[PDB]
>>> print(open('input.pdb').read())   # PDB, C-alpha atoms (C1' of nucleotides)
ATOM      1  CA  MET O   1      -4.616  26.125   3.027
ATOM      2  CA  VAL O   2      -3.197  25.114  -0.429
ATOM      3  CA  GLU O   3       0.232  26.938  -0.384
ATOM      4  CA  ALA O   4       2.092  23.593  -1.036
ATOM      5  CA  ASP O   5      -0.940  21.607  -2.383
ATOM      6  CA  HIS O   6      -3.107  19.327  -0.114
ATOM      7  CA  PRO O   7      -2.245  15.544  -0.701
ATOM      8  CA  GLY O   8      -1.008  15.091   2.947
ATOM      9  CA  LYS O   9       1.918  13.083   1.525
ATOM     10  CA  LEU O  10       5.262  13.486   3.128
ATOM     11  CA  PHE O  11       8.942  12.579   2.294
ATOM     12  CA  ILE O  12      11.462  11.178   4.777
ATOM     13  CA  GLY O  13      14.992  11.154   3.557
ATOM     14  CA  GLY O  14      17.418   8.691   4.929
ATOM     15  CA  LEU O  15      16.578   5.078   5.367
ATOM     16  CA  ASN O  16      20.139   4.303   4.357
ATOM     17  CA  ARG O  17      19.238   0.665   3.428
ATOM     18  CA  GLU O  18      19.428   0.387   7.251
ATOM     19  CA  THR O  19      16.033   1.413   8.808
ATOM     20  CA  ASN O  20      12.410   0.516   7.805
ATOM     21  CA  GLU O  21       8.553   0.747   7.880
ATOM     22  CA  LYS O  22       9.071   0.618  11.659
ATOM     23  CA  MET O  23      10.865   3.950  11.644
ATOM     24  CA  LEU O  24       8.338   5.239   9.068
ATOM     25  CA  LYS O  25       5.330   4.876  11.441
ATOM     26  CA  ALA O  26       7.684   5.974  14.243
ATOM     27  CA  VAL O  27       9.037   9.221  12.762
ATOM     28  CA  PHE O  28       5.930  10.257  10.922
ATOM     29  CA  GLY O  29       3.500   8.959  13.529
ATOM     30  CA  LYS O  30       5.340  11.103  16.127
ATOM     31  CA  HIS O  31       2.734  13.807  15.357
ATOM     32  CA  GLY O  32       0.012  12.161  13.116
ATOM     33  CA  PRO O  33      -2.187   9.104  12.222
ATOM     34  CA  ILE O  34      -0.823   7.728   8.877
ATOM     35  CA  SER O  35      -3.173   6.015   6.336
ATOM     36  CA  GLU O  36      -0.379   4.892   3.916
ATOM     37  CA  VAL O  37       3.274   3.744   4.268
ATOM     38  CA  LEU O  38       5.787   3.639   1.364
ATOM     39  CA  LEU O  39       9.514   2.956   0.985
ATOM     40  CA  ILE O  40      10.988   3.506  -2.466
ATOM     41  CA  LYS O  41      13.144   0.975  -4.293
ATOM     42  CA  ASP O  42      13.811  -0.427  -7.876
ATOM     43  CA  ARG O  43      12.992  -3.870  -9.664
ATOM     44  CA  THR O  44      10.789  -4.600  -6.597
ATOM     45  CA  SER O  45      14.221  -5.212  -5.021
ATOM     46  CA  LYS O  46      17.346  -4.076  -7.014
ATOM     47  CA  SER O  47      17.239  -2.349  -3.540
ATOM     48  CA  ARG O  48      17.564   1.189  -2.056
ATOM     49  CA  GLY O  49      15.397   3.031   0.554
ATOM     50  CA  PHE O  50      13.486   6.417   0.419
ATOM     51  CA  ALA O  51      10.223   7.070   2.385
ATOM     52  CA  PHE O  52       6.815   8.377   1.556
ATOM     53  CA  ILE O  53       3.883   8.459   4.066
ATOM     54  CA  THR O  54       0.265   9.609   3.541
ATOM     55  CA  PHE O  55      -1.595  11.134   6.498
ATOM     56  CA  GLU O  56      -5.394  11.091   7.069
ATOM     57  CA  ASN O  57      -5.069  14.953   7.002
ATOM     58  CA  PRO O  58      -2.443  17.371   5.471
ATOM     59  CA  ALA O  59      -2.472  19.079   8.871
ATOM     60  CA  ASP O  60      -0.925  16.004  10.396
ATOM     61  CA  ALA O  61       1.723  15.827   7.643
ATOM     62  CA  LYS O  62       2.701  19.438   8.536
ATOM     63  CA  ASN O  63       2.656  18.477  12.207
ATOM     64  CA  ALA O  64       4.986  15.467  11.783
ATOM     65  CA  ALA O  65       7.161  17.729   9.562
ATOM     66  CA  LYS O  66       7.329  20.631  12.123
ATOM     67  CA  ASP O  67       8.116  18.090  14.811
ATOM     68  CA  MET O  68      10.714  16.042  12.954
ATOM     69  CA  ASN O  69      12.574  18.131  10.330
ATOM     70  CA  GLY O  70      16.215  17.238  11.247
ATOM     71  CA  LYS O  71      15.989  14.945  14.251
ATOM     72  CA  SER O  72      18.138  11.771  14.278
ATOM     73  CA  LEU O  73      17.157   8.186  14.914
ATOM     74  CA  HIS O  74      18.834   5.479  12.715
ATOM     75  CA  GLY O  75      22.475   6.419  13.504
ATOM     76  CA  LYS O  76      21.818   9.302  11.069
ATOM     77  CA  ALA O  77      19.584  12.295  10.795
ATOM     78  CA  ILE O  78      16.262  12.252   8.996
ATOM     79  CA  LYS O  79      15.237  14.956   6.573
ATOM     80  CA  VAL O  80      11.480  15.733   6.429
ATOM     81  CA  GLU O  81       9.922  17.530   3.419
ATOM     82  CA  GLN O  82       6.388  17.741   1.868
ATOM     83  CA  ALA O  83       6.349  15.285  -1.081
ATOM     84  CA  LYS O  84       6.218  16.386  -4.744
ATOM     85  CA  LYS O  85       5.444  14.579  -8.029
ATOM     86  CA  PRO O  86       8.279  12.341  -9.415
ATOM     87  CA  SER O  87       8.222  14.161 -12.849
ATOM     88  CA  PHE O  88       7.426  17.678 -14.231
ATOM     89  CA  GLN O  89       3.888  18.864 -15.233
ATOM     90  CA  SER O  90       3.637  22.716 -14.814
ATOM     91  CA  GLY O  91       5.925  23.957 -11.940
ATOM     92  CA  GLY O  92       5.646  23.777  -8.083
ATOM     93  CA  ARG O  93       2.132  22.195  -8.519
ATOM     94  CA  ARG O  94       0.323  19.653 -10.802
ATOM     95  CA  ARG O  95      -2.537  22.185 -11.586
ATOM     96  CA  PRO O  96      -4.419  19.754 -13.988
ATOM     97  CA  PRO O  97      -6.500  21.133 -16.962
ATOM     98  CA  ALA O  98     -10.343  21.120 -17.167
ATOM     99  CA  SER O  99     -12.146  17.949 -18.478
ATOM    100  CA  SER O 100     -15.471  15.975 -18.347
ATOM    101  CA  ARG O 101     -16.044  13.452 -21.248
ATOM    102  CA  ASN O 102     -13.098  13.797 -23.722
ATOM    103  CA  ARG O 103     -12.262  10.751 -26.000
ATOM    104  CA  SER O 104     -11.142   7.545 -24.161
ATOM    105  CA  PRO O 105      -7.494   6.290 -24.770
ATOM    106  CA  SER O 106      -8.669   3.442 -27.141
ATOM    107  CA  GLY O 107      -9.808   2.929 -30.796
ATOM    108  CA  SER O 108      -9.581   0.874 -34.067
TER     109      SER O 108
ATOM    110  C1'   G N   1       5.012  -9.856 -13.708
ATOM    111  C1'   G N   2       7.859 -12.831 -10.076
ATOM    112  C1'   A N   3      13.021 -14.538  -8.010
ATOM    113  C1'   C N   4      18.347 -13.875  -8.346
ATOM    114  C1'   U N   5      23.006 -11.714  -9.257
ATOM    115  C1'   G N   6      26.804  -7.520 -10.961
ATOM    116  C1'   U N   7      26.868  -1.830 -11.294
ATOM    117  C1'   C N   8      25.993   3.708 -10.740
ATOM    118  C1'   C N   9      23.599   6.073  -7.031
ATOM    119  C1'   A N  10      21.434   5.465  -3.024
ATOM    120  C1'   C N  11      17.090  11.462   0.847
ATOM    121  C1'   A N  12      11.214  12.348  -4.859
ATOM    122  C1'   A N  13       8.593   8.283  -6.010
ATOM    123  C1'   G N  14      15.213   5.122 -10.184
ATOM    124  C1'   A N  15      17.347   2.707 -13.575
ATOM    125  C1'   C N  16      21.299  -0.091 -16.344
ATOM    126  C1'   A N  17      23.840  -5.140 -17.499
ATOM    127  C1'   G N  18      23.565 -10.727 -17.025
ATOM    128  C1'   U N  19      20.495 -15.045 -15.428
ATOM    129  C1'   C N  20      16.198 -18.327 -14.176
ATOM    130  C1'   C N  21      10.451 -19.041 -14.094
TER     131        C N  21
END
>>> encode(input="input.pdb", output="structure tokens")
Amino acid sequence: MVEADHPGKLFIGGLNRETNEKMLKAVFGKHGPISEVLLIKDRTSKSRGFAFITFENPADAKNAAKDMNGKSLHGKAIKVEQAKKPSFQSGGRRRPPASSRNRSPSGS
RNA sequence: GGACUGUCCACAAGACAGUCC
């Protein structure tokens, strides 16, 4: 399966500068393992909250999605979506070009 | 790069202004 790409990286919307890494492993872990845990901010603490979690398999991301997907657990609902790159590259997917030994990003 | 403070906006991978090291 590749119909949304395969990074196993999953977006939780809420956090509300209210809940934390605790909820992250909670919500996401409800139906998977979890190999990485991320909450998104600014200045390393100008300070907001939005969550990213990486799962040992993309299966498990889908699982925690299918489970969660509009449940409610910090005095608010959580939104659960499969995560996508923070900037444009091609459309709906990264789809990188072919390469092997092109010139390194350095010189005189 | 780190710590702070003021602001938009705070649920896609954030940033602005001012300060100190």
>>> atom_distance(input="input.pdb", atom1="CA of residue 58 in chain O", atom2="CA of residue 37 in chain O")
14.8 Å
>>> interface_residues(input="input.pdb", of="chain O", to="chain N", cutoff="8 Å", atoms="only C-alpha atoms (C1' of nucleotides)", output="VMD selection string")
chain O and resid 11 to 16 40 to 42 48 to 50 52 79 83 to 86
>>> atom_distance(input="input.pdb", atom1="CA of residue 74 in chain O", atom2="CA of residue 19 in chain O")
6.3 Å
>>> atom_distance(input="input.pdb", atom1="CA of residue 68 in chain O", atom2="CA of residue 80 in chain O")
6.6 Å
>>> closest_residue(input="input.pdb", among="O:51, O:44, O:33, O:59", to="residue 7 in chain O", atoms="all atoms listed in the file")
O:59
>>> residues_near_point(input="input.pdb", point="(0.5, 20.5, -0.8)", cutoff="9 Å", atoms="all atoms listed in the file", output="PDB file with C-alpha atoms, keeping the file's coordinate frame")
ATOM      1  CA  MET O   1      -4.616  26.125   3.027  1.00  0.00           C
ATOM      2  CA  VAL O   2      -3.197  25.114  -0.429  1.00  0.00           C
ATOM      3  CA  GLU O   3       0.232  26.938  -0.384  1.00  0.00           C
ATOM      4  CA  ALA O   4       2.092  23.593  -1.036  1.00  0.00           C
ATOM      5  CA  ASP O   5      -0.940  21.607  -2.383  1.00  0.00           C
ATOM      6  CA  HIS O   6      -3.107  19.327  -0.114  1.00  0.00           C
ATOM      7  CA  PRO O   7      -2.245  15.544  -0.701  1.00  0.00           C
ATOM      8  CA  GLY O   8      -1.008  15.091   2.947  1.00  0.00           C
ATOM      9  CA  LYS O   9       1.918  13.083   1.525  1.00  0.00           C
ATOM     10  CA  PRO O  58      -2.443  17.371   5.471  1.00  0.00           C
ATOM     11  CA  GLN O  82       6.388  17.741   1.868  1.00  0.00           C
ATOM     12  CA  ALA O  83       6.349  15.285  -1.081  1.00  0.00           C
ATOM     13  CA  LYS O  84       6.218  16.386  -4.744  1.00  0.00           C
ATOM     14  CA  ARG O  93       2.132  22.195  -8.519  1.00  0.00           C
TER      15      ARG O  93
END
>>> resolve_selection(input="input.pdb", expression="the PyMOL selection byres ((chain O and resi 61) around 9)", output="list in words")
residues 8, 9, 10, 28, 31, 32, 34, 53, 54, 55, 56, 57, 58, 59, 60, 62, 63, 64, 65, 66 and 82 of chain O
